[PDB]
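Every heavy atom of this structure was used, including side-chain atoms; hydrogens, water molecules and symmetry mates were not. Just so we're on the same page: letters track the sequence lines, and every chain starts at 1.
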Amino acid sequence: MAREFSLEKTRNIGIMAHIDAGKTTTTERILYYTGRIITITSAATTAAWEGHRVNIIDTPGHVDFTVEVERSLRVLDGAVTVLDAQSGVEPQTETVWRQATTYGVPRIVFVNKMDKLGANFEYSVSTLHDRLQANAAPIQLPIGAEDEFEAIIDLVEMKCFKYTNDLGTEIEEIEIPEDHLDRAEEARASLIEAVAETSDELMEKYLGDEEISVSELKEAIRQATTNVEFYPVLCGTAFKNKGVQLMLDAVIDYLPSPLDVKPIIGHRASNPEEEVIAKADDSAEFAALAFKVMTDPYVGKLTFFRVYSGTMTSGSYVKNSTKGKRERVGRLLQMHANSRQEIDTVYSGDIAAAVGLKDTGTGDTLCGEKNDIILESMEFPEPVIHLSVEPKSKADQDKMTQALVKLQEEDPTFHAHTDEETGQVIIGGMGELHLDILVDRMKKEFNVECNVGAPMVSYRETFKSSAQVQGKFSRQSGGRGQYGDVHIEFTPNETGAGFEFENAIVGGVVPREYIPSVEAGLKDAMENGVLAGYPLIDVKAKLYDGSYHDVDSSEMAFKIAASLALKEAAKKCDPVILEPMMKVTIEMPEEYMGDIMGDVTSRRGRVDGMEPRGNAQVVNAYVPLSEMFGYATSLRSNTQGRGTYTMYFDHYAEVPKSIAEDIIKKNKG
Amino acid sequence: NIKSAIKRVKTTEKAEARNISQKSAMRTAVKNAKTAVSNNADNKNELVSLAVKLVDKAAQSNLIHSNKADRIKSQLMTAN
RNA sequence: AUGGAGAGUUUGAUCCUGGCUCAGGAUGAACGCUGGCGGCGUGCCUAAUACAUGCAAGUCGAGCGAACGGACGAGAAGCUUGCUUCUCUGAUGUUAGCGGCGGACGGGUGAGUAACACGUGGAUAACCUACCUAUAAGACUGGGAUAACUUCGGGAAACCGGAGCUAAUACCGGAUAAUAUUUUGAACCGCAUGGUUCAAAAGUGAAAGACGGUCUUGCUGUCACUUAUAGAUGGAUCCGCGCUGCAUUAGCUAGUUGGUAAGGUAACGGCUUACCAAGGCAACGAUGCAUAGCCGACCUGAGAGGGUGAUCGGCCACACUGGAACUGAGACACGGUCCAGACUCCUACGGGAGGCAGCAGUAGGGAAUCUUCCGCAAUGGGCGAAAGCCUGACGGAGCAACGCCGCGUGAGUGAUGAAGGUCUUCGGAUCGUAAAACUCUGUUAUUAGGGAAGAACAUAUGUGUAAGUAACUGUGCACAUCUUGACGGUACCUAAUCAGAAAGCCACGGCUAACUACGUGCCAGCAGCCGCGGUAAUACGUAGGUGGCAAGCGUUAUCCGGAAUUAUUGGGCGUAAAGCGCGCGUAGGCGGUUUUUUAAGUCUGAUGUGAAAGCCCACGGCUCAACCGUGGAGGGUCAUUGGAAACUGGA
Ligand SMILES: CC(=O)O[C@H]1C[C@@]2(C)[C@@H](C[C@@H](O)[C@H]3[C@@]4(C)CC[C@@H](O)[C@@H](C)[C@@H]4CC[C@@]32C)/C1=C(\CCC=C(C)C)C(=O)O
Ligand SMILES: Nc1nc2c(ncn2[C@@H]2O[C@H](COP(=O)(O)OP(=O)(O)O)[C@@H](O)[C@H]2O)c(=O)[nH]1
Ligand SMILES: [Mg+2]
Ligand SMILES: [Mg+2]
Ligand SMILES: [Mg+2]
Ligand SMILES: [Mg+2]
Ligand SMILES: [Mg+2]
Ligand SMILES: [Mg+2]
Ligand SMILES: [Mg+2]
Ligand SMILES: [Mg+2]
Ligand SMILES: [Mg+2]
Ligand SMILES: [Mg+2]
Ligand SMILES: [Mg+2]
Ligand SMILES: [Mg+2]
């Protein structure tokens, strides 16, 4: 009938932070407080605070699970960035901050673990300023640190709250103590200056020396936050129930609504150039984005989606404009702190789960049947680690493929592909932890035990020396007689130029009919390796002479002659083995550049160059693909998880003596 | 379980108790009457009459079928 | 008379034989491409796989006690005569519990079953039957409990116990009543056993009240209750015949076959037990193995036949697997109980719970099959005196071109053969009256109004009449009136606007309707068969054109056809596949001429039945059609009975 909460009162937020900063503690406390006048499961949880609907999505911290952060920030409106008080901004805090910035998500910072030894609110704020380059300012001050932390001075209202116990109840609203009054007023002045740096009206009002009103300053903070120009910084300890109510109040006061947020742009299916703005309007057409897909053992497949524009009732038909099909929305569910409730309708700015959607993956658009809009999808990072995977028992390869399909539908960042050359299946993930979890889930949930290893590297061969050679095959002894004879100069071609066949035949010594057959024989013979079984590349074959018989000559005979010519050229030209070389571009802070270049040179690669980029550095190098195995872990260890890289095949290079001999021995036996 | 099914469980238990008591009584009377008829006793006719009484009351209660009661009476009164 | 088509392919060529292939029809279909609408149908064929969640079986207060509840309307004035307590009256109502009936129907599925399971035709003098109907006779006299409820104790829960009290249409004793049982006599009759009727006695138990009318507690209405005999309905058993593959399954059987006795059952019966005997089945296929629900019917075929057993109807079987009984008229019971087993779930770790092959839905399997929808308004069912409650039966809506049927995507004029594509002999031909343009319509579509039937009723209120009454109320019947729609403001109708939104698929060498240009060059590719492709490809891909179909068109799978290619209809064995190497001979098959007789086969007449739906013929109703309805005809190797004697069979 009528939505229990209005767009102006709806809040979609996400708790993001570094590992073990207190995301799940904070979320559990939030759910408990909203649910009083707690198990955290599902993509999102709906609660109510002060007559406001609050949908909360708790995100993972590990760089291996950045897909969850990405797909949550895509559909979320605001974020709470949780910081460990003792350490402030950490590498994954920076990563989630950059993702939220790329999605233009307003954020409020929350300094958790104030009671922990070494807690330093000022140092956490300084880390916000330095590491992130963020216009963050405190809107609260902690009275006491570590075990002494016992009150919080709200600065918008210059009011102190004293917490008498760890239970989160019996908070005393008192006036700021005199000894902290000066510090509180200085913090308020700093906050006002920070907001005025974005607001010109507020700036003039403050320069006029007139007293700023509580309502005016709240409005200003809300405007700056919704513009993603100001970050309010709060403090507390979720474990001991201090500051959580203030944090929820700030979520309500400062984080935007689906109205305050910027609109969403999509493409008509039939008019991709056409642009459609989907504002938060119940009366408008229904368009929603499916951001998560899971399976619940009780109710079946759940598709968690965020509705941007329109409304949709359970037990109806919608369009999946990305798959261009029709989906039956049978049931609609919302997950609460303690229970799932079936809900008859969903309005703009609501996150819900559908029961009954088949063939609807994350990133799909669900639009009204008549409509054909397609909302903007999500971009996820490319794989950073690759492992050849294979079932321990070949009888389970079908189960393995089906599990890989289901797992790729569940997780966008996990990929699986077959390599033609090697005939191996490779799995790409975000890290070692990601791939390890996926292997274990395949082993247990899907009951497919698999073993993983470093992907095989497809090597190539070439001729280092030039030589004229001849091949002559005679098979006249028995029955039909076959004669072939060719004289070919084999030359090391310029690297990367490929095989080049030239026909310097004069006088028709080799009938023109058989020359294409000679070329085909050379191609086959070079496809088959001449030193270790790998294809031969970068060779110029110049067929300059030959002989033939008016009858015995045949295409197969000339192919045999070409094969013997390539065999004697491999004997006479000193073939080498080539290995793929990857162009590797590494980005990291300058303070780890020496470590990265040392590791590059230790990988038998060479540093091509360096160059500044933004506030960081970029290193360009060429490294063997074999030596690039497991490079993401080493880079993250060298850079404290701050380093990133990309790699692409660049060219082939000669394998060193010992490595080539080892390859050869392995291939022979 | 249905409410009427639970109620039927209770009522079935009650009916079974009553029926088995009455059936045991009539079986005992029939056995006594048959023994008395087999070995002539001055109580023979009174015992046979009691047996027939209980057999017919059982048949009317539906513990045995009318034809079952008829067979019992026929054999008892032919022996006596 | 209502009905029957063939073609390609073995050769240098030929005739024959022979297989292979194709042209037809069909589907619970799937997939590819495409896709406007309406009507009527159909939609998990796979995993009888496991199942979250909701619902699918209740009802009766006019059987019963109790509790809650509190009108109408009593008492004191708080001086508030509008608010107040208990000392009342307490009505309209609601309920957990005892009790009655119903949960054995309805709905699902096809696992098992090769069997009197099913179909057909018969038999029961070997049987049972609540509710319903008819008739007759009754309903007399007493009693002890118990739930609920109160109290105490133990539990997370499931819920458990101890003590105390109270009802009945709950239970029990006694009285009278029998066509029932025992004995005696008699009459008649029949399919061995036996059946029906009459007359005597002996043993012998049934029941209940509730709501009303008249009120004389006497009479009496409705409902309910008991016994007996009939009817109807439903169920049970037996028998002839029919109904499947294998002999690379030839022996099987020991309660087995029969008898005697007993027990047991609604009932006959080795149904079971004790005794006696050695019987019983089987080449007319026993036994074993495999597979399978059967039928009405459905597809195909000229027929004979072949294939199948979805939807709908009948019968059967099953309800996690196996066994068992209880209650009951009826079950050895889908949403009951007990035990065992497998599996799953909850737990406070003490202990508890469950069975979607009901309707939706989930997971899984699969090439593949739908909504966790609305309503009891119609029909039907359960309970009730009734209103009414329940009813995932059912009536509807939703989804799917899945099938069939219907209508669209425009019509008239339109040479001046417009542009443009393709080919060209460079003249021209063709797309083409196609187009453009003028004129016309609105089936459809959009907008706005009107708007069915399906609805009969029941109940209630008035009278009239019929049985009974001493007379009413009531009961049966008849005529009137108020009210009752999920679908649904849907079908349909009216008015206005626009050709404007609405055509795709395959094929074009022969079979086979439809040919040309480019690219390729035994490559890429095509293909049902024969085959095509190496520079002139009507066979590969594209383009133009053409052909067949059309909201569908193609491909794959399966069945019948063509196939006389298992040949009864309707084929063969010298050389094409096929005469056992040849005797002797068993069973079986077949059998010379005449006469008399029988009537098993054979022919002919009558009666009963072969449900309904379906197919065919006719008619009627949806604007047509599909579809729906109503009659007819048909369908048996069917059964009983009466006739004929040539042929086959018997004497
Ligand atoms: C916010 C949240 O609920 O995160 C949870 C949820 C989480 C992100 C999980 C880690 C990992 O399985 C994640 C992946 C990507 C693992 C690979 C696939 O199976 C994905 C379909 C899956 C989705 C999210 C999930 C299941 C979490 C973690 C990390 C736990 C830490 C360690 C060291 C194992 C977490 O609880 O923080
Ligand atoms: N000292 C301290 N520890 C805290 C606080 N809040 C949470 N933690 C702990 O820090 C860890 C963070 O774990 P969790 O809440 O799951 O956070 P996540 O890693 O961000 O998901 C846990 O051990 C928490 O108990 C706090 O206020 N103080
Ligand atoms: Mg966490
Ligand atoms: Mg079967
Ligand atoms: Mg034929
Ligand atoms: Mg039952
Ligand atoms: Mg069930
Ligand atoms: Mg179901
Ligand atoms: Mg599947
Ligand atoms: Mg035939
Ligand atoms: Mg021969
Ligand atoms: Mg011979
Ligand atoms: Mg021989
Ligand atoms: Mg018929």
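As judged by a 4.0 angstrom heavy-atom cut-off over every strand, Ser49(B) is placed among residues touching the sugar-phosphate backbone only. Across all strands shown, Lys7(B) has heavy atoms under 4.0 Å from base atoms, whether or not it also approaches the sugar-phosphate. Using a 4.0 Å heavy-atom criterion, one finds that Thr11(B) contacts the sugar-phosphate atoms exclusively. Contacts of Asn80(B) with the nucleic acid, taken as non-hydrogen atoms under 4.0 Å apart, are absent. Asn45(B) comes within contact range of no nucleotide atom at all, as no heavy-atom separation falls under 4.0 Å. Using a 4.0 Å heavy-atom distance criterion, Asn19(B) is classed as a sugar-phosphate-only contact.
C55(C) and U265(C) are spaced 45 Å apart, taking the P atom of each and rounding to whole Å. Atom name P, nucleotides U565(C) and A310(C): the rounded distance is 35 Å, in whole Å.
Pairing partner, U607(C): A639(C), with both Watson-Crick or wobble hydrogen-bond distances short of 3.5 Å. Pair assignment for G288(C) gives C246(C), based on Watson-Crick or G-U wobble hydrogen-bonding distances that are each under 3.5 Å. Of the nucleotides present, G314(C) is the one that pairs with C294(C) by Watson-Crick or G-U wobble criteria, both distances under 3.5 Å. With a 3.5 Å ceiling on both atom-pair distances, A168(C) lacks any Watson-Crick or G-U wobble partner.
For the pair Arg8(B) and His65(B), both in contact range of RNA chain C, the more 5′-proximal nearest nucleotide belongs to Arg8(B). Each of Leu63(B) and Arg340(A) has a nearest nucleotide on RNA chain C; the 5'-most of these lies closest to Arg340(A).
Side-chain atoms of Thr12(B) stay outside donor-acceptor range of the base of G336(C), with no qualifying N/O pair under 3.5 Å.
Rounding to the nearest 0.5 Å places CG of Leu564(A) at 8.5 Å from CZ of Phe473(A).
Remark: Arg36(A) CZ is packed, more than 12 non-hydrogen atoms of other residues, nucleotides or ligands lying under 6.0 Å away.
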Before you tell me yes or no, could you show the steps for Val67(A) and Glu70(A) under side chain to side chain contact (heavy atoms under 4.5 Å, CB included), namely the whole-Å CA-CA distance, both residues' side-chain angles and the distance that decides it to 0.1 Å?
CA-CA 5 Å; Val67(A) 60; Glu70(A) 197 73 349; 5.5 Å; no

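Using the rule of two distances under 3.5 Å, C518(C) and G541(C) count as a Watson-Crick or G-U wobble pair.
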